[PDB]
Every structure is written in structure tokens, then in C-alpha cells.
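Just so you know, the sequences run in chain order A, B, C, D and E. Following the UniProt record's numbering, the numbering of the first sequence begins with 3 at its first residue and continues without gaps. Per the UniProt record's numbering: the second sequence = residues 71 to 95, 103 to 117. Following the UniProt record's numbering, the numbering of the third sequence begins with 5 at its first residue and continues without gaps. Per the UniProt record's numbering: the fourth sequence = residues 2 to 118, 146 to 194. Per the UniProt record's numbering: the fifth sequence = residues 2 to 204, 206 to 248. From the three backbone atoms N, C-alpha and C, an ideal C-beta is built for every residue, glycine too.
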Amino acid sequence: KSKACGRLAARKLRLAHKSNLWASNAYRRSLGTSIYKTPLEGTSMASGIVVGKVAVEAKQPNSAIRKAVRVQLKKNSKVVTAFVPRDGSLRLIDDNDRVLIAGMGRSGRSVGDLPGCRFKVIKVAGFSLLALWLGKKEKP
Amino acid sequence: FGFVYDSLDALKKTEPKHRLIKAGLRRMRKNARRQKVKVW
Amino acid sequence: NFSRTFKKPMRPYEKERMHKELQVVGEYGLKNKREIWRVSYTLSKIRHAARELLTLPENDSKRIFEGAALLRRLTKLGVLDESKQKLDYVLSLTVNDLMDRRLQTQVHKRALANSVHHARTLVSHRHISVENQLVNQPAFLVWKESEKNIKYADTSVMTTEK
Amino acid sequence: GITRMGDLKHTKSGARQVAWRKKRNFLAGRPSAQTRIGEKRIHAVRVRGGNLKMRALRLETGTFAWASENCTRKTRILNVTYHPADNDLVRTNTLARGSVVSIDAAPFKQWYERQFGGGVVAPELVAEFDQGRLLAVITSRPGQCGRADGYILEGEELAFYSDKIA
Amino acid sequence: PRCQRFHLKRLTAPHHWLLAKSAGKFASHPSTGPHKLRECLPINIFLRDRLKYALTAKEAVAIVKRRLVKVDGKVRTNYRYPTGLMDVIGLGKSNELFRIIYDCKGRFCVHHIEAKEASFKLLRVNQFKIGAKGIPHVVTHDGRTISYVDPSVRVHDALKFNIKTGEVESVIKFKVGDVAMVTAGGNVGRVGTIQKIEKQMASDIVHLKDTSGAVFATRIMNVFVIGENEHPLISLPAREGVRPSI
RNA sequence: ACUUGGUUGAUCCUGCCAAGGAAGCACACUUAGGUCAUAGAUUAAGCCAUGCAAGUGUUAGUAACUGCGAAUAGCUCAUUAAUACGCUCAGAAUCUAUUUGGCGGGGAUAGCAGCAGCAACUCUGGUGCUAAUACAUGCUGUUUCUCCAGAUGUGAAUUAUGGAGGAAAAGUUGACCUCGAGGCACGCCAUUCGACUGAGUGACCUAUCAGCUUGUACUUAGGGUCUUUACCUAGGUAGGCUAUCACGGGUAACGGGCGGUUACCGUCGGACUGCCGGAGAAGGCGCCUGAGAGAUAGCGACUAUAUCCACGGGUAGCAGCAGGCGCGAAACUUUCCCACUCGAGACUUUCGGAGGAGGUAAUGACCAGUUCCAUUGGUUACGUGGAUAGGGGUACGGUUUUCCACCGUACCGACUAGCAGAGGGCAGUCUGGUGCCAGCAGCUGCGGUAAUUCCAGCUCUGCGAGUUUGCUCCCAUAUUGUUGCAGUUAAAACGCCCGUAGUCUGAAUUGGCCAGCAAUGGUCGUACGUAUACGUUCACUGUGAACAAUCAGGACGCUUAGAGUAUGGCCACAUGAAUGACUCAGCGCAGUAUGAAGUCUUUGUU
Numbered sequence: 003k004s005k006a007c008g009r010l011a012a013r014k015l016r017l018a019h020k021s022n023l024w025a026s027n028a029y030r031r032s033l034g035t036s037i038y039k040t041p042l043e044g045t046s047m048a049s050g051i052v053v054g055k056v057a058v059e060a061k062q063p064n065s066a067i068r069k070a071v072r073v074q075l076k077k078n079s080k081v082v083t084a085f086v087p088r089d090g091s092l093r094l095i096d097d098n099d100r101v102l103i104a105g106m107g108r109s110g111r112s113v114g115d116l117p118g119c120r121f122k123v124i125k126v127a128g129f130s131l132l133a134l135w136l137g138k139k140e141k142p
Numbered sequence: 071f072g073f074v075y076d077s078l079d080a081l082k083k084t085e086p087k088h089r090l091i092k093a094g095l103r104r105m106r107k108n109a110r111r112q113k114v115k116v117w
Numbered sequence: 005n006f007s008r009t010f011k012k013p014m015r016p017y018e019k020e021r022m023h024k025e026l027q028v029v030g031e032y033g034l035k036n037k038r039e040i041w042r043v044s045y046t047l048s049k050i051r052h053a054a055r056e057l058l059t060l061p062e063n064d065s066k067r068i069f070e071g072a073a074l075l076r077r078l079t080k081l082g083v084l085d086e087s088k089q090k091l092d093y094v095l096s097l098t099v100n101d102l103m104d105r106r107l108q109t110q111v112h113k114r115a116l117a118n119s120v121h122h123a124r125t126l127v128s129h130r131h132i133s134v135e136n137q138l139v140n141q142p143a144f145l146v147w148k149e150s151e152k153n154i155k156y157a158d159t160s161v162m163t164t165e166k
Numbered sequence: 002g003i004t005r006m007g008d009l010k011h012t013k014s015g016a017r018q019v020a021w022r023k024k025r026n027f028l029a030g031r032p033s034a035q036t037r038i039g040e041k042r043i044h045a046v047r048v049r050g051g052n053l054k055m056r057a058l059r060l061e062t063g064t065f066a067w068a069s070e071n072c073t074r075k076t077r078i079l080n081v082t083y084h085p086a087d088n089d090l091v092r093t094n095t096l097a098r099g100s101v102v103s104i105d106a107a108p109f110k111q112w113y114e115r116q117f118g146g147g148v149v150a151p152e153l154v155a156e157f158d159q160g161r162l163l164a165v166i167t168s169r170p171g172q173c174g175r176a177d178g179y180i181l182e183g184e185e186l187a188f189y190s191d192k193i194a
Numbered sequence: 002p003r004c005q006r007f008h009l010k011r012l013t014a015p016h017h018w019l020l021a022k023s024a025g026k027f028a029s030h031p032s033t034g035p036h037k038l039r040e041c042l043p044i045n046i047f048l049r050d051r052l053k054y055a056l057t058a059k060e061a062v063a064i065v066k067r068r069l070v071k072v073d074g075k076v077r078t079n080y081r082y083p084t085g086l087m088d089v090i091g092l093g094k095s096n097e098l099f100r101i102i103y104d105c106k107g108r109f110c111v112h113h114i115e116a117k118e119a120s121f122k123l124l125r126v127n128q129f130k131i132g133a134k135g136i137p138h139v140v141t142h143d144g145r146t147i148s149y150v151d152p153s154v155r156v157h158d159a160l161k162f163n164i165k166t167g168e169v170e171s172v173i174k175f176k177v178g179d180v181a182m183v184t185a186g187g188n189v190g191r192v193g194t195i196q197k198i199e200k201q202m203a204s206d207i208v209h210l211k212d213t214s215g216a217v218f219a220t221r222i223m224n225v226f227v228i229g230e231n232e233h234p235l236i237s238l239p240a241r242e243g244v245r246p247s248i
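Structure (C-alpha cells):
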């Protein structure tokens with residue numbers, strides 16, 4: 003009931019299945035590709051030069067300014083905002099350095115309070131922020 | 071492993087050379110050798 | 005080539021499972037929680053093999069060869085007695101049975117070590133042997149036949165050197 | 002070079018077929034012999050597995066054969082009258098297989114009196157023999173074989189091709 | 002495009018030979034010969050991994066080149082020469098005579114034998130044809146072209162072959178009620194008495211019987227007609243192609 | 001074979017979003033020891049300095065010539081959507097060096113000797129000689145055409161072979177080494193490793209791709225080929241493929257054995273995959289030599305990069321092994337070695353960046369330590385009491401071609417833990433600082449001066465030499481539904497009727513009765529064709545043939561384990577290296593319950 007069940011009816015079932023996959027959004031997103039026209043370019047981590055420092059603020063109800071740097075990428079020569087985690091840390095980054103960017107960890111989309119940006123800075127100058135924030139490595 | 075044979079006639083000829091130097095009895106060719114093609 | 009001997013548990017922070025697994029480690033004197041999970045995974049390959057055999061017919065060529073061969077290998081290990089040697093009793097067995105056959109615990113039963121922990125120390129420090137053969141490894145699995153042959157290796161126990 | 006390969010050409014369904022590889026010396030064609038008449042010469046050709054296809058370029062004589070009497074004489078080929086494939090083979094007098102070419106038959110005439118004076149012969153052939161140019165077909169492959177020979181044209185065949193000439 | 006290639010790998014080497022997966026990548030490529038790649042067994046491998054005389058492969062190529070070994074009357078200094086099914090192996094110095102022949106399971110074994118038996122060998126007819134002056138002649142599973150062969154010598158007949166002189170003394174005819182060792186496929190290395198022969202239209207089947215009383219078929223080309231009615235013309239191994247079964 | 005937080009004042013739902021488990025690239029913090037495996041695929045099939053990778057001498061061809069090799073191995077995945085690959089067949093339409101078995105039958109150069117020319121190269125000119133298993137000579141077959149017969153062989157050939165004729169050189173003519181034996185030719189047929197041609201058939205998306213195809217489809221004759229064919233050129237017809245998806249487009253597409261995830265069904269990935277087959281050498285294209293090449297560490301030209309120049313002219317193809325530049329999130333030593341495995345050769349000797357071993361790396365797998373046993377006092381873990389290690393050090397014996405490291409033996413001995421959290425999903429309502437600010441936070445939420453979520457300390461928790469963090473991906477998910485979802489109102493039944501492709505299609509045909517535990521064997525019925533086998537085939541079922549590693553699985557104490565194919569017996573012996581699955585199609589016999597086809601009738605069959 004509600005489908006072909008008969009012995010010879012395997013063309014109807016196989017071909018109808020191919021149609022119904024295009025309703026599913028995960029098959030649709032993979033196949034369209036559709037991913038290339040992205041700043042990340044489908045790469046988890048990207049690097050390049052800092053343009054400057056920007057204050058972008060949270061939506062609602064959370065009143066807070068977040069401090070995300072603007073970063074030009076190496077490979078595309080695009081520009082994109084990118085969050086800087088931990089308190090301080092904007093002071094540690096320095097102007098016009100190379101940084102390694104990675105994703106917000108939400109497999110796309112925009113994460114917390116913070117709209118727009120989908121990116122966090124993992125390293126600066128080949129060191130890593132956690133080491134820097136903790137202060138068991140140095141910058142000149 | 072080990073094996074035993076009549077006379078001295080075996081290990082002179084049947085054995086590999088690396089056991090003879092051990093018991094008691103360098104890329105030069107690659108370089109110096111191929112000059113005999115480079116020079117006639 | 006290679007294989008994955010232990011598997012991680014499905015859900016990390018269940019209270020009953022963690023509270024169970026401490027008093028298997030405590031009784032049998034054990035390093036980590038992974039040294040259980042290998043013995044769980046060893047019990048799986050016994051029982052998954054056994055159940056498939058059970059599904060087959062009671063006369064099939066596969067069951068006669070495999071069923072006799074499977075019970076032969078477990079009578080070695082000393083889990084199945086000759087009372088219980090009948091194939092369905094393979095689907096029983098616990099990790100508490102299979103942990104008991106290891107060398108650590110067989111020293112303790114022997115009492116040479118004097119403690120579950122002490123037994124580990126004796127084997128890890130090259131004191132214990134199995135028929136004139138030293139066993140550094142604290143998880144040997146002894147085959148009942150050879151359980152009798154557990155004894156001091158030589159060193160401090162026999163040699164008496166400081 | 003000139004290829005014997007067929008992958009590039011369209012399927013039965015009429016689909017634009019695509020290469021996956023270079024041309025290859027399994028499937029090498031070569032130029033035609035184009036085997037005319039006058040002055041004997043031959044060019045030897047190496048092939049797959051060593052060997053020699055002796056390609057004949059221009060041939061004067063040919064080892065022709067009266068079938069019905071069992072007799073076969075080395076005979077001088079004069080011209081191509083007809084060929085069933087192409088009229089271009091007639092214009093330049095090309096010897097191919099199936100090539101209808103007249104022959105002098107001086108040897109055949111000699112054979113008849115040296116044997117006899146049995147024999148009997150047909151009434152179409154005596155109307156030919158007074159001229160001394162028999163019709164005959166090349167049955168060999170001049171290019172591959174390097175030698176050209178054929179039987180005389182006789183019987184129901186000799187009616188048929190005579191209308192195609194006239 | 003593929004050409005005739007030298008370097009045989011292990012893994013790709015056949016499952017007859019009982020090679021280690023370890024002990025290097027490459028196996029010894031057989032030279033071209035009478036027998037095929039798949040059925041045969043070289044004499045590089047024969048002295049390494051049966052009789053166990055030559056421990057290294059350097060030592061194996063030594064003793065063939067001293068000219069102790071003799072394949073089938075002749076000396077053979079070439080080594081890695083394919084030798085497979087019913088070949089005699091005379092060996093010089095501490096001389097022993099072998100005949101190469103299948104196990105129960107399909108594997109090769111090696112068998113010390115009496116010298117009067119080890120003169121001759123058997124040879125199945127694969128292909129029969131006429132050539133040169135109306136004369137019939139026969140190719141074998143070796144590739145010995147036995148010309149001026151007698152009548153009653155059709156395809157799938159064995160020929161006893163005297164080795165010192167190039168003779169064909171007997172001829173064991175194909176029939177029902179005749180013993181036959183299978184030499185290919187799943188039933189390779191098995192004795193059977195031939196109960197039925199089933200003609201196959203176009204491209206035929208033959209049903210067999212152990213002394214135990216199992217039953218099994220095969221393709222006709224696989225059977226090698228070993229001798230007439232129970233008692234064969236050959237010393238058979240331990241177990242005699244019966245194969246265990248519990 | 002598993003659930004839990006999030007729409008509400010609360011409820012039960014639909015429903016996703018998160019959490020949660022695995023691997024595979026990359027980033028991070030941290031690190032006693034051992035064995036083993038892998039490591040510039042993702043982007044730039046982008047570019048390359050230097051060193052080296054294919055050569056080859058036997059007691060037996062004479063530095064060269066001569067003979068064979070260099071078409072394999074190695075690397076990479078850019079083309080390729082089936083022509084490749086796989087799996088079945090097939091050659092009666094073919095070629096094949098080497099092995100193996102049959103059958104056979106004198107003159108002219110190379111090194112050597114000498115005279116010269118270039119900025120330069122592994123280029124040479126010219127003369128003066130001499131070699132042969134090199135080259136030419138020389139005491140019935142091969143090739144092709146015509147005719148007459150057409151086997152004891154095959155499912156089948158006017159095939160194999162025989163005889164009678166003509167032709168042609170495209171030719172079999174041991175003109176040969178080492179001391180009676182070994183070795184080497186020549187030709188033809190087979191054989192072997194293969195090669196190459198043809199057939200059937202399997203699988204990634206796309207209808208915002210419905211018509212496509214002119215040698216395109218058949219036929220007759222030819223050319224060409226190793227052969228067959230529009231492979232190509234002629235004459236004659238006008239055909240072929242397509243809703244059972246043609247044709248066109250896309251691919252972040254080399255195919256396959258297989259790998260990851262799983263209760264079953266499936267599903268994603270497959271450069272590599274420790275193997276198989278294909279393709280390519282900066283981009284096309286062409287060709288010689290040979291059994292085999294459209295070779296690329298062979299040649300030729302053009303193009304694009306690069307470089308030298310004495311300004312005339314040339315020189316080079318690392319997607320071989322190292323190494324560098326560039327590219328980027330992203331990947332090691334310019335070492336030692338022919339001993340192991342094998343390969344080339346004139347060959348037990350030579351050579352091999354194939355291969356083997358070290359060295360660097362938390363990438364991956366298994367193993368494993370950071371102590372132990374006593375008993376004094378504070379509430380059984382928070383100065384004593386003694387023990388036992390290996391990390392490490394130094395010899396020597398094993399080990400391997402040589403180091404290292406391992407495995408032993410003896411002597412020295414009173415520095416070894418992090419990472420992540422502590423509202424709920426899923427261990428503090430501690431004390432101190434901060435006051436919708438800094439900040440945390442996958443999700444819900446926390447912070448507005450009392451913070452159980454921030455920033456610190458203390459205690460506690462998890463997992464443990466590991467542990468978080470990105471993106472892709474499977475499970476969770478019956479949220480892709482064959483098994484197996486849902487459509488009155490939550491998203492979801494064409495506005496109705498006809499209707500082709502498509503899928504689906506009522507009953508009926510040789511049984512009853514007794515012994516039953518079935519296989520079967522008797523009785524009731526005689527329905528009386530072929531003239532002891534023949535009287536529909538399939539699908540389906542059983543059975544049989546056919547068709548590496550991994551997966552499952554047997555044997556065996558590698559000290560255990562992951563692994564490996566072993567190994568066990570003190571008197572010369574016994575073994576084992578199974579089996580199943582891999583699996584759809586194609587092939588045989590046997591069984592006919594179900595489901596098909598078979599069955600030209602205003603009169604059919606012999």
C-alpha cells in the first residue's frame with residue numbers, strides 16, 4: 003500500500019527513490035557543490051594576513067561587544083571577520099600578522115550570540131592562542 | 071642453526087663470504110665506473 | 005594486518021556502568037578501565053560466534069565441526085566444566101569468569117604473590133615463570149593444564165640477591 | 002599514421018565517441034599498392050612477427066590457368082577491360098582481385114596442337157581465340173601476395189562479363 | 002599495453018606452492034617450458050621448500066649448476082624450469098629418484114620410489130591431428146609430439162613412456178570403469194573410478211568414486227587416466243587421493 | 001537491537017536543532033620503554049641545481065665488436081561515464097623472441113696507430129691495417145594459384161592430409177667454439193610466457209537534457225591489416241538507436257579485489273590500498289630498431305617554460321631515489337648496503353635508489369611502568385619500618401653485510417602525569433575578585449555589585465600516555481522507509497473523467513485409501529500410443545561443475561597480544577599450511593507445489 007510491491011516492479015522503486023533524495027537537504031547540499039562558492043572553500047583551516055581589528059556585538063538578550071578581527075585569506079584573496087576567543091587576546095594578536103583561522107565548530111551556520119562570523123582564530127605567528135593566553139610560549 | 075660436512079671442500083665453495091671473514095678466512106664502481114661511458 | 009582489540013563504551017557518563025566497572029577493577033587488581041573493555045570485546049567474539057552456530061540446524065556440517073572445536077578451546081581455558089560442556093552454556097559466561105583465568109589472578113589464588121596487586125608486581129619484575137619459561141606479561145591466560153605450573157622465576161625469590 | 006582503428010567512429014546509437022589513448026601500432030594501416038601494369042618491381046614490407054608481405058607495384062606477366070582442361074601457362078597481361086568495384090581501376094589499368102583482364106594466350110594456343118592435333149572446346153572461346161586475347165580474372169591479391177594469377181573466363185561467366193564490357 | 006613480464010610477485014604466485022607471505026616480495030618466475038605457469042613447480046623452489054637441502058636461493062642455484070640434478074633423463078643446467086605431474090627427478094650424489102604428483106588437497110608432494118618403476122612415465126593425449134604424409138600424431142600435457150603413434154590412441158588416453166628410448170609401450174583407453182586422478186579445479190588431487198561420462202553438447207562432464215564411497219564430478223579435461231580398473235600403473239601417496247572428512 | 005536538553009502558565013504531539021558513539025585528514029597541550037606499519041595523493045600531471053638509478057665475461061663467440069637486454073620493475077591518477085575494469089565465453093578470423101618436444105637439411109669494417117678542426121657534447125672527419133656462432137657465398141621443402149578426392153578427427157569446415165599441374169625466389173645447404181663428452185646454430189610444426197581481435201552482461205548524478213544519427217545502418221566488390229569488421233574506397237538499397245530513458249550536460253570519476261560504519265537490510269569511501277588491469281611521461285603529433293614500442297633515463301619537429309654563448313649556435317626533460325624552490329591547513333634522510341627476496345646477462349663471480357637496514361615524525365596498531373608488603377598515632381588515607389624494579393650507565397657474549405636498537409650475563413642505583421571539566425543534557429549552591437562590562441557558551445542559557453556557568457585559589461570528577469579543538473562522513477534516524485515512515489486538521493491525495501507506456505491480473509487440469517517417523521512401498525482406477533529410451537521448455541528449489549591477500553574460521557603458548565605459517569619429538573621420526581564466504585550472471589543432471597509461456601479452428605493435425 004502507498005507504493006509498488008510487485009515482483010517486476012524494481013524500476014519503479016529504484017527510480018522513485020532517486021527523486022526523493024533531492025528533498026533531503028544533506029544529499030542536496032553535498033551534491034549541488036554549492037560549497038565551492040565559500041570563503042572557507044570547504045577547508046577546515048585557512049590562514050592569511052590581518053587587515054585590522056573590529057568590534058562586533060551580540061544580538062539579544064546578551065549585551066556584549068565580542069572583538070572579532072578582519073582577516074584577508076592567503077589562497078582566495080577574500081576578506082572575512084573572525085572571532086578571537088579568551089579575555090585579553092585581542093592585545094596578544096598584533097596588527098598585520100599571519101594567523102590560522104578555523105570554523106566555529108557548528109558545521110556551518112552562525113553559533114552563539116554572535117551573528118555573521120562563522121570563524122575563530124586558532125594560531126597567530128605559528129604558536130596557538132591557548133599557549134599565548136596561558137603564557138607558556140612567547141611572541142617577540 | 072648449524073651443519074657439519076666431510077673435509078674442507080664444502081665451506082671454501084658452498085658458503086657465503088660473510089661467514090668466512092667472521093669465522094676466520103663501496104660505490105667506487107658506481108662513480109669511477111660510469112666514467113668509462115663518459116670518456117670513451 | 006591489524007585489529008582493534010578494545011572498544012569504547014556507548015555512553016560515557018552513566019552512573020550504574022561506572023559503579024559496576026570499579027569493583028571489577030578493584031577485585032582483580034587492574035590498571036585502567038580499558039583492560040576491562042578488551043575482555044568485554046573478547047567475550048563478544050566468543051558469543052557472536054556461538055549464537056550464529058545456534059541458529060544453524062542440529063545436524064548441519066558447520067555446527068558439528070565448529071561446535072566441538074569451540075568447546076575444546078574453552079575447556080583448555082578452564083571456563084566450561086564437563087557438566088556444562090554443551091554449547092548453550094557458551095552464551096552464558098561473564099567478564100568475572102574470564103578475568104579469573106589471567107596470570108595475575110592465578111598467582112593470587114596460588115597465593116605466591118600474597119595479594120592481587122602483589123601478583124602484578126611479581127610478574128612485572130620478572131619473578132614468575134610457567135614451566136621453566138619467564139612471563140613478564142601480567143595478562144597471560146592460563147590453560148588449567150598449566151595452572152599447576154606457576155612458580156617463582158629465580159631472581160630475588162630464588163637467587164636471594166639484594 | 003594511417004589507422005585501421007575504429008573507436009573514434011560513432012556507435013550504432015549515433016553517439017559522439019571519444020579517445021582514451023593514442024594511436025597504436027597494433028592497428029596501423031599502410032598505403033595502397035595501386036598495382037598497375039608494365040615493368041616488374043616489388044617492395045618488401047616488414048610486418049607483425051617479422052615476415053614479409055611482398056607488395057607488387059606494377060606487373061607485366063601472370064600465371065594464368067585454364068580450369069576445365071587442367072593446364073596453366075605463364076602469360077603476358079595486356080590491359081584491364083573491367084572491374085566490378087571501380088571504373089578508376091579500369092582507367093589506370095590497376096590489377097586488383099576480381100579484375101577482368103585480357104591475356105595473349107600464346108601459350109594456350111600452343112598447348113592445343115602439341116597435345117591433340146579429347147580437347148573439344150566451346151563455341152564462345154573459338155570466337156575469342158582467332159583474335160588471341162582471352163578474357164580472364166585475377167584471383168590473387170596483388171598487394172599482399174606480390175604475385176598475380178587467375179583462371180580463364182569460361183562458361184556462364186563468359187556470357188555475363190561480355191555484356192558488361194559491351 | 003601488457004608484454005611478457007619477468008617479475009612474479011608473491012601473493013600472485015599460485016596457492017600450490019606453500020609460499021610465505023613474508024620472506025620478501027618476489028617469487029621465482031618459472032622459465033618457459035613444457036608445463037603451464039599455474040600447474041607447474043620449478044626446481045629452484047623444489048630444493049628450497051620440500052627437500053630443504055638449499056637453505057638460501059643462492060645455494061639452490063649452486064647445485065643445479067654443478068649438474069647433480071636430472072629432470073627426466075636430461076641434465077638441465079637452466080634452473081627455474083617448470084616440472085609438474087609425472088616428471089621423474091633423478092638426483093646425483095646421494096642420489097634419490099622422485100616423481101612429482103598431487104596430494105589429497107591439491108598441494109604438491111615428493112615421493113621416494115623404486116628405480117625399476119622410475120624409468121617410465123605417463124602422458125595424457127590432449128590433441129590429436131594429421132600432418133606430413135597422412136601420419137597421425139599426438140601432443141601431450143608436456144608437449145611431447147609423439148609422431149608415428151599407433152591406432153586406438155584418441156583424446157584423453159594415457160601413454161606409458163619408456164624415457165631411455167622414445168617409445169609408447171601401453172595405451173590406457175578412456176572408458177567407464179577406469180581409475181583417474183583429477184588435476185585441476187576444486188577436485189584437484191583426487192582418485193576416482195569413473196562411473197559416468199556425460200557428453201556435453203558443444204563444449206563434457208565425468209562422475210567419479212573414492213574407495214571410501216564419496217562421489218564428485220569434474221570437467222573432462224581435468225581427469226588424468228592413471229590406470230585400468232582399481233590398480234594403477236604408479237606408486238600413489240599416503241591416503242591415495244581419498245581426502246579426510248569429519 | 002539504548003536514549004536526553006530545547007516551542008507551553010502546564011499538557012500530549014508533529015518536528016527538527018543540539019548533545020552522544022566510531023575513522024581521517026589537519027591544529028593544539030602533554031609524554032618512561034618495546035615490537036610493527038606507514039608518510040608531497042587532496043593544491044600546482046607546477047618548476048628543477050647537484051649525486052646516482054640498465055646494463056651485460058664465461059676454462060667454451062672474436063678496450064671494442066657481436067649476442068641478448070633496455071617494451072619489465074619503479075612512479076603518478078591528469079584524461080576516461082564504458083571502447084576502459086570485472087565476469088562469462090571464442091578463435092572454425094589471428095601473430096609469437098626465448099624455453100621445451102618433434103621433425104628436418106673469400107672481401108670489409110670496429111677498437112688499435114697517426115694528422116687535424118669547436119666558445120662546447122657521451123659529435124667526429126680522413127687515412128693505415130686485422131677479427132667472426134656478425135655479413136655474403138652453397139654439395140627436397142616454404143609461399144601462392146588451378147583442378148580431382150575430402151580423414152581413423154569435430155557439435156560442425158570441399159577442414160587436416162593426399163594426388164595431378166604451373167610459378168617464385170621472399171629459400172632448410174652445421175663452410176663454427178672448448179678438452180670420446182659438453183655446447184651452438186639454421187628451417188618448419190607444436191608448446192610455453194603472453195599478445196591482439198570479437199561477443200554477452202554489470203554499475204555515479206541530470207528531463208530547467210525528448211528526439212538523436214550521414215560512414216550513420218544493412219548489402220555486393222575491392223584495398224588494407226596479424227587476422228575479422230566502415231577500419232577505408234567504390235556500386236545498390238534507406239536504414240539504425242529511443243519513455244525498459246536514446247542523445248546531450250555534469251563530475252571536487254582511473255576501474256576492480258576491497259576499506260570505514262552497522263543487529264539484519266543497507267550506506268559512504270576507494271590517489272595509495274603493500275595486489276590485479278588500464279593510461280601518461282611539460283603539451284600535442286610523427287617515426288626508426290625489434291618477438292614485442294606509436295618507447296620517452298630512444299629519435300624527429302613545432303609550442304610553452306629554463307639555461308648557456310667566444311652572439312657563430314645550441315643544451316634539458318625527477319608523475320625513478322634523495323634534496324630544494326613554489327603551492328598550502330597538510331606530508332621525512334642529499335646516509336649505509338648487494339647479504340636476504342629476486343631480475344637482467346656471455347652469467348655460482350658482474351650490476352640493480354627494484355630491494356634490504358638505520359635516521360627523523362603523538363600520524364596508525366598491539367603491549368606496558370610511574371611502586372610494593374608490614375604496623376605507630378589523628379578520621380579504613382592522611383616522622384616511621386623495610387623490600388623490589390626499569391628508566392639509565394659500563395663491560396662482554398649473541399645479533400646483522402655494518403652500525404643502532406633489541407635478546408642475554410655481571411657490576412654501579414635508596415627521576416616517572418597530564419589533558420578536559422564541576423547549572424541541565426552529562427563532579428561544589430565553597431571562599432575571594434568582576435558587576436548585561438570583560439568574558440564563557442555545540443544547545444538551552446549565564447554576567448545588571450549576594451554569578452552553583454566569567455576571572456583566580458582550594459577541594460572534587462572523568463579518561464589516562466594519552467586528551468580536547470576544526471571540517472568531511474556514517475550511526476543516533478522507520479528524519480529516505482525492499483525489510484520499514486507519513487499524507488482529515490500538524491508538511492503532504494492531481495478539480496474531474498478518458499487513457500497509452502508502465503506495474504498488477506478470479507476459479508479450473510492425476511488423485512483417494514492403508515502401514516508413518518519420514519524417505520518410500522503397497523492397494524483402488526487400466527485409461528492398452530512410441531516400433532527399454534523417447535513424448536514441452538523456462539522461472540523457482542536441491543545437488544554438481546566452473547570461478548591471492550583481506551573477511552569469517554581451524555591448527556600451533558611469537559613470554560602474551562596485535563601477528564606469523566609454523567612447530568612438536570635428544571638417535572634421524574611425525575606432521576600442518578583445512579573448510580566456508582567472497583557471488584549476481586553463464587553451465588549440467590534431478591524434482592514439478594506455486595507463477596508463466598506452449599494451444600493459427602465459419603473447421604485443426606498425420
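Distance, residue j Cα to residue i Cα
i, j, result
"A109/B", "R103/B", "11 Å"
"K122/E", "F162/E", "5 Å"
"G147/D", "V91/D", "34 Å"
"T213/E", "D206/E", "24 Å"
"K75/D", "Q111/D", "13 Å"
Contacts around residue i, its chain only, beta-carbon distance under 6 Å, and the 5 residues preceding and following it disregarded
i, result
"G25/E", "none"
Secondary structure of residue i, DSSP reduced to three states
i, result
"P170/D", "helix"
"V154/D", "helix"
"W67/D", "strand"
"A20/D", "coil"
"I40/C", "helix"
"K83/B", "helix"
8 Å CB neighbourhood of residue i in its chain, flanking five on each side removed
i, result
"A187/D", "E152"
"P170/D", "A34, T36, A57, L60, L96, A97, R98, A176"
Element boundaries [alpha helix (DSSP H), containing residue i]
i, result
"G34/A", "27-34"
"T109/C", "107-114"
Buried versus exposed call for residue i [16 or more other C-beta atoms within 10 Å across all chains shown]
i, result
"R93/A", "exposed"
Sequence-distant residues of the same chain with beta carbon closer than 7 Å to residue i, five excluded per side
i, result
"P137/E", "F129, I131, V150"
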